[PDB]
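What follows is calculated from the coordinates using simple rules that are stated; it is not laboratory data. We place every Cβ from the backbone using ideal geometry, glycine too, and count neighbours over all the protein chains shown.
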Amino acid sequence: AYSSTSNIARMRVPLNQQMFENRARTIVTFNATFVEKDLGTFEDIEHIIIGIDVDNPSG
Amino acid sequence: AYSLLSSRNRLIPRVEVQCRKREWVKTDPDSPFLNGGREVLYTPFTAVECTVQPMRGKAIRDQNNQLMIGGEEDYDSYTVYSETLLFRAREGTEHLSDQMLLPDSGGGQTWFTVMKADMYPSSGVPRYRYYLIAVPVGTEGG
């Protein structure tokens, strides 16, 4: 997408020491969005094991 | 006084070249400027006999095709010995510098604009030396 624009400067440039050539220059700024793809994946979680310890005073 | 140099050579070949005088004029009726829509008026003529030679060095500004950010631009120049009087531009006037048509490095023919003229007022013999630069391609100079 388009964002903004800079100042437009008009210039005169000598050529072969005989003539002045008309020119101009500007900078136009755009927005963009870039997408890239990973090189792999991790393994899934198929099985989960959890250990539990319940501290109590009776034993 | 000089005698031998006051006559045409008989060993080195010489050629004639074509030239054209140049003025300028204002065309816009209402613009308040001296420039207006500038125009140039031409009147052709020829040089009696001339010798053409190229630049002697290889300096970067004397090369024919030059690399610029736009593209391979074009440049040419010469040194000319002649027995005809050619004039440069004069300020506060409507006269421009004389031009003359010579072959170029690309095989075509283009106009060269007089930039430096050498004269020897105290000697008397009418022999001159000129230095010329090719008009920018696609325009008629300035």
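How about the stretch B:123-142: which of its residues are over 22 Å from A:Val13 (Cβ atoms) and not hydrophobic (A, V, I, L, M, F, W, C)?
Hits for the stretch B:123-142 are B:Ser123, B:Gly124, B:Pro126, B:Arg127, B:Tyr128, B:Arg129, B:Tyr130, B:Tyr131.
Being in contact with a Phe, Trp or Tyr (Cβ under 6 Å, 6 or more places away or on another chain) and more than 16 Å from B:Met55 (Cβ to Cβ) is the filter here, so list the residues in the stretch B:125-142 that pass it.
Matches in the stretch B:125-142: B:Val125, B:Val135.
When you look at B:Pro126, is it touching a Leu at 6+ places or on another chain (Cβ under 8 Å), within 11 Å of another protein chain (Cβ to nearest Cβ) and surrounded by 12 or more Cβ atoms within 10 Å (Cβ to Cβ), yes or no?
No: the conditions fail for B:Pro126.
Kindly provide the set of residues from the stretch B:1-14 that are surrounded by 10 or more Cβ atoms within 10 Å (Cβ to Cβ) and not in a loop (DSSP other than H, G, I, E, B), ordered by number.
Those that are surrounded by 10 or more Cβ atoms within 10 Å (Cβ to Cβ) and not in a loop (DSSP other than H, G, I, E, B): B:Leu5, B:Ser6.
Return only the number of the condition from (1) more than 30 Å from B:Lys26 (Cβ to Cβ); (2) without any contact (Cβ under 8 Å) to a residue 40 or more places away in the chain; (3) away from chain A (no Cβ under 14 Å); (4) of a type in the set (A, V, I, L, M, F, W, C) that B:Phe87 does not satisfy.
All conditions are met except number (1).
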